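Taking the form deposited in one PDB entry, here's one chain by itself in structure tokens.
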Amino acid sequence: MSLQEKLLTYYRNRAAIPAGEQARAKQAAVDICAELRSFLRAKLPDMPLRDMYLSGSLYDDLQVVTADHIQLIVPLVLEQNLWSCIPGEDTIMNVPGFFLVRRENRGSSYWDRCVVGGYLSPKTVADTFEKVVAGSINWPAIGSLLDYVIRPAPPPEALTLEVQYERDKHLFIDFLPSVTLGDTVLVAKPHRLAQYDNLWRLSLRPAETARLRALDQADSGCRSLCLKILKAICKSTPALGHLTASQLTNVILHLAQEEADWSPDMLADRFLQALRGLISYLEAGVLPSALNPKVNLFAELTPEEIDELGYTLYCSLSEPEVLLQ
């Protein structure tokens, strides 16, 4: 077979999620989200929140192999005049793509409770909801009308709920606290390196995936399909598991800036170009975000982890078919 054929076979048999499993898992999330809105509205009346909503690859049809996880965004309500956010490149940590949230002026905020040293801690905010998750063993049988049973995920996933549905199906929904100041959207998703775990993370995923969708919609291209193959490959081994969806998505987006033709028959050529690009970014130890160039997406990896990834992908341009096995 030509590489083209092996790629389509790989996507079909490995990357692609069965349309049945996919939609059913999706509905489970929708069902639980709707329930969690109502119940938590009553269980946490003091907490300034917006409506919770779903987010992630499962919601965008970019999830691969199996459908088992999705994010539940928890938007905190902040008084814009009592808080300011500071871009990481302007702090002592010097981490682009990550933010401090500083308490301002006077007034009272419910969220004053999560402030330490005059800053809103993403970890302290997380601990508030780890309590809420752990406290779910006190809840009534929510969603029991549609035969769902909500249980705290097994440790250490202190922010995850586990939804079991028909039959021996499990959907893992993790709570993700989010903060909007001005037009800056931040999520409490810790920096990989622990010395940065108290910085808020700038939300880049909605813009990345929207760009991906718009580009493929315009010409029925195979950018998304190619991405899904990569995500599936990177889920195959521990080594390649240190690569993220965001990283691979931005590899694709960068290549899309150089290549306009993403016809289905160009898939194999793009897949090779994608690997070449990935190798070059690893070589340089820098993968700039396509939508926010100031942010290096490889800055959560140690230089050794980067070198080891490069070593893992060294012969991929000459033996690409090996990745699919």
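Rigid core: the largest C-alpha set superposing within 1.5 Å between the two forms. Just count from 1 along the sequence shown to find any residue number.
Form deposited in another entry: not shown, discussed below.
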The one residue in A207, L181, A134, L82 whose CA moves 2 Å or more between this form and the one not shown on rigid core superposition is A134
Is there a C-alpha shift of 2 Å or more at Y165 between this form and the one not shown once the rigid core is superposed?
yes
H69: Cα shift of 2 Å or greater between this form and the one not shown (core-aligned):
yes
After a rigid core superposition, would you say the CA of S246 moves by 2 angstroms or more between this form and the one not shown, or not?
no
What direction does the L62-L8 Cα distance move in the other entry compared with the shown chain, closer or farther, given a change of 3 Å or more?
farther
In the other entry, the Cα separation between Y165 and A232 changes by 3 Å or more relative to the shown form; did it shrink or grow?
closer
